[PDB]
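Chemist:
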Amino acid sequence: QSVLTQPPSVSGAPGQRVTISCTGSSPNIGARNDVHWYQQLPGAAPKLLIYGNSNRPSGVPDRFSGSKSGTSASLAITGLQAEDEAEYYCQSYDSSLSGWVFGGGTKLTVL
Amino acid sequence: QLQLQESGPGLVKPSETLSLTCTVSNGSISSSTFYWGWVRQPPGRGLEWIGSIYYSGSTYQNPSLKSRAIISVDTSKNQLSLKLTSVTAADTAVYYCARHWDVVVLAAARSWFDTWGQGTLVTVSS
Amino acid sequence: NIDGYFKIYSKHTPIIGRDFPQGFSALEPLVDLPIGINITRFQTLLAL
Amino acid sequence: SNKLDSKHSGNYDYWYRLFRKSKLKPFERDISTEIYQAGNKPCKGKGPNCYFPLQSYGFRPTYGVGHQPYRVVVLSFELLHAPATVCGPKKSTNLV
Ligand SMILES: *[C@@H]1O[C@H](CO)[C@@H](O)[C@H](O)[C@H]1NC(C)=O
């Protein structure tokens, strides 16, 4: 039921740029649907970072920047720190299932 | 600030009903503006949306688990109730009560989950 | 002495030295250091 | 640092000055043993009206929080228009 495709894992040096991507099928999630991004520390509740593909809530650092084009969506991280390692999730709305869906979850590792 | 407290039996024998309930503090479940929902995440897998429910009784619900999941809401005791039947070994997961899907202005495609519970690790064993 | 940053290029050709050679010899850089001061005069030292 | 500047029977190795003819300009060292003048006497010694410029920082392992031998290292940078000489440890990644 993973209509959104995510990279199983990714890694990078601290203070560097990493990009996390999320895309879905064509007859499923379309151009109008927007993609939100969730962070999950181990053993904790998922935390929101970016919604609306370009907006962040209060308290979310400006370092996390995302964008959505067509169907594919992606994040950009600047100034990677040891606190950024977590379980990241992409999620959006599937018009064919009439219900929300979640990405497979990507592993961000600090090197 | 809005807090969620959900509880339930963390161990359930195979093949009968499983039941949890979330509590809302510093707020009201009667709040018409937002929806309320349940999200489960099996260990070593991704998040999965099991259904969302409005205060009146209208229910969002994933077709894949149509025949097993029943969700009920009450506004008097501010309790969000979730039931799951015919639980098998594939249903081992940690369940979360979530608040999302604003009704007044956002549409059903731009809805994002906003408030998350602490989670309850629930397993089925013989 | 462009923008500080003293640069020294050198190559020691082996051509005898009986006269000024006409052959082509390039110059490989040796050091490039941020001296940061202006230079206009230039002398040379001797030995003993 | 209570493990290097403190010991049994005390330690009065450190000194500090509380009496000066004026204030100290920033980034200035004022190493001198001149008896501070009181009144108008040109006296040069110890006792009444004649105070030594510097006193001690007698440190012991048993004091209060505010009397502990704090180790202070301050770093001053020159962030002006000049060729760079000292810079941070720029990070590195793998090749791939
Ligand atoms: C209706 O939607 C528009 C755009 O989605 C928004 O600007 C406006 O505030 C909404 N009005 C109400 C009453 O929800």
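Residue numbers (our numbering), protein chains in the order written: chain A, 695 to 805; chain F, 164 to 289; chain C, 277 to 324; chain H, 706 to 801.
All residues carry an ideal CB built from backbone N, CA and C; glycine is no exception.
Listed in chain order, which residues are found with a beta carbon closer than 5 Å to a heavy atom of ligand 1?
Modeler: Listed by chain position, these are F/267, F/268.
Chemist: Can you find the residues in the same chain that come closer than 8 Å, C-beta to C-beta, to residue 165 of chain F, ignoring five residues on each side of it along the sequence?
Modeler: Excluding positions up to five away in sequence, the list reads 187, 188, 189, 190, 262, 278.
Chemist: Of the residues A/777, A/792, A/786, which one's Cα is nearest the Cα of residue 746 of chain A?
Modeler: Ranking the options by Cα distance to residue 746 of chain A, first place goes to A/786.
Chemist: Touching or not, the segment 169–177 of chain F and the segment 717–724 of chain A, by the rule of three or more beta carbon pairs under 8 Å?
Modeler: Not touching, per the Cβ criterion.
Chemist: Using C-beta distances below 7 Å, list every residue in its chain close to residue 171 of chain F, excluding the 5 sequence neighbours before and after it, in chain order.
Modeler: Once the five neighbours on either side are set aside, the close Cβ partners of residue 171 of chain F are 182, 183, 184, 283, 285.
Chemist: Count the other C-beta atoms from every protein chain shown that fall within 10 angstroms of the C-beta of residue 304 of chain C, then say buried if there are 16 or more, exposed otherwise.
Modeler: By the neighbour-count rule (16 or more Cβ atoms within 10 Å), residue 304 of chain C is not buried but exposed.
Chemist: Please confirm whether residue 773 of chain A has its beta-carbon closer than 7 Å to some beta-carbon of chain H.
Modeler: Not an interface residue.
Chemist: Rounded C-beta distance between residue 725 of chain H and residue 766 of chain H? I'm assuming under 8 Å.
Modeler: So it is not a contact: roughly 31 Å between Cβ atoms.
Chemist: Show which residues of chain F have a CB atom less than 8 Å away from the CB atom of residue 735 of chain A.
Modeler: Going along chain F, no residue has its Cβ under 8 Å from residue 735 of chain A, so there is no contact; the nearest lies around 12 Å.
Chemist: Less than 7 Å between the C-beta atoms of residue 763 of chain H and residue 721 of chain H, yes or no?
Modeler: Cβ distance not < 7 Å, so residue 763 of chain H and residue 721 of chain H don't count as in contact.
Chemist: Taking the beta strand (DSSP E) that residue 749 of chain H falls in, what are its first and last residues?
Modeler: No beta strand (DSSP E) contains residue 749 of chain H, which DSSP labels as neither H nor E.
Chemist: Which residues bound the beta strand (DSSP E) around residue 800 of chain H?
Modeler: Residue 800 of chain H -> no beta strand (DSSP E), and no H or E assigned at all.
Chemist: So, with DSSP's three-state summary, where would you put residue 305 of chain C?
Modeler: Note: residue 305 of chain C maps to strand in three-state DSSP.
Chemist: Between residue 258 of chain F and residue 201 of chain F, how many whole angstroms is the CB-CB distance? I'm expecting something under 8 Å.
Modeler: Their Cβ separation, rounded to whole angstroms, is 6 Å, which keeps residue 258 of chain F and residue 201 of chain F in contact under 8 Å.
Chemist: In whole angstroms, give me the CA-to-CA distance for residue 252 of chain F and residue 798 of chain A.
Modeler: Residue 252 of chain F and residue 798 of chain A: Cα-Cα distance of roughly 21 Å.
Chemist: In whole angstroms, what is the alpha-carbon distance linking residue 207 of chain F and residue 773 of chain H?
Modeler: For residue 207 of chain F and residue 773 of chain H, the distance between alpha carbons rounds to 52 Å.
Chemist: Thinking C-beta only, is residue 784 of chain A closer than 7 Å to residue 729 of chain A?
Modeler: It is a contact, given that the beta carbons lie within the stated cut-off.
Chemist: Leaving out five residues on either side along the sequence, give the residues of the same chain with a beta carbon under 6 Å from the beta carbon of residue 270 of chain F.
Modeler: Correct list: empty, nothing qualifies.
Chemist: Quick one: any contact between the segment 756–763 of chain A and the segment 223–230 of chain F, if contact means 3 or more CB pairs under 8 Å?
Modeler: Short answer: they don't touch.
Chemist: Check each residue of the segment 185–208 of chain F: if its Cβ is closer than 7 Å to any Cβ of chain A, include it; give the result in chain order.
Modeler: Listed by position, the residues of the segment 185–208 of chain F near chain A (Cβ gap below 7 Å) amount to none.
Chemist: Going by beta-carbon coordinates alone, are residue 744 of chain A and residue 800 of chain A separated by less than 7 Å?
Modeler: No.
Chemist: Hey, is residue 728 of chain H's beta-carbon within less than 7 Å of any beta-carbon in chain A?
Modeler: With 7 Å as the cut-off, residue 728 of chain H does not count as an interface residue toward chain A.
Chemist: Just tell me which of A/739, A/707, A/732 has its CA closest to the CA of residue 281 of chain F.
Modeler: Ranking A/739, A/707, A/732 by Cα distance to residue 281 of chain F puts A/739 first.
Chemist: Going residue by residue through the segment 744–788 of chain A, where are the continuous beta strand (DSSP E) segments of at least 3 residues, counting only ones entirely within it?
Modeler: Segments of the beta strand (DSSP E) lying fully in the segment 744–788 of chain A: 759–763, 766–771, 781–788.
Chemist: Looking only at DSSP bridge pairs, what is residue 245 of chain F linked to?
Modeler: Residue 245 of chain F is bridged to F/183, F/234.
Chemist: What does the alpha-carbon distance come out to for the pair residue 742 of chain A and residue 778 of chain H?
Modeler: For residue 742 of chain A and residue 778 of chain H, the distance between alpha carbons rounds to 41 Å.
Chemist: Looking at chain C, is there any beta carbon in it that lies within less than 7 Å of the beta carbon of residue 810 of chain H?
Modeler: With chain H covering 706 to 801 only, the question about residue 810 of chain H has no answer from this structure.
Chemist: Taking DSSP as the reference, what is the three-state secondary structure of residue 713 of chain H?
Modeler: In this structure, residue 713 of chain H counts as coil in the three-state DSSP scheme.
Chemist: If we ignore side chains and look at the alpha-carbon of each, how far apart do residue 696 of chain A and residue 800 of chain H end up?
Modeler: Cα to Cα, the separation comes out at about 32 Å.
Chemist: Between the segment 290–314 of chain C and chain H, which residues of the former have a C-beta closer than 7 Å to a C-beta of the latter?
Modeler: If the cut-off is 7 Å between Cβ atoms, the segment 290–314 of chain C has 310, 312 near chain H.
Chemist: Given this structure, state the Cα-to-Cα distance separating residue 169 of chain F from residue 792 of chain H, to the nearest angstrom.
Modeler: Taking the straight line from one Cα to the other gives about 52 Å.
Chemist: Under three-state DSSP, which class holds residue 227 of chain F?
Modeler: Helix, per DSSP.
Chemist: Starting from residue 730 of chain A, follow its DSSP beta bridges and name the residues at the other end.
Modeler: According to DSSP, which records beta bridges pairwise, residue 730 of chain A is partnered with A/785.
Chemist: So which of F/289, F/204, F/268, F/212 has the shortest CA-CA distance to residue 793 of chain A?
Modeler: Among F/289, F/204, F/268, F/212, the Cα nearest to that of residue 793 of chain A is on F/212.
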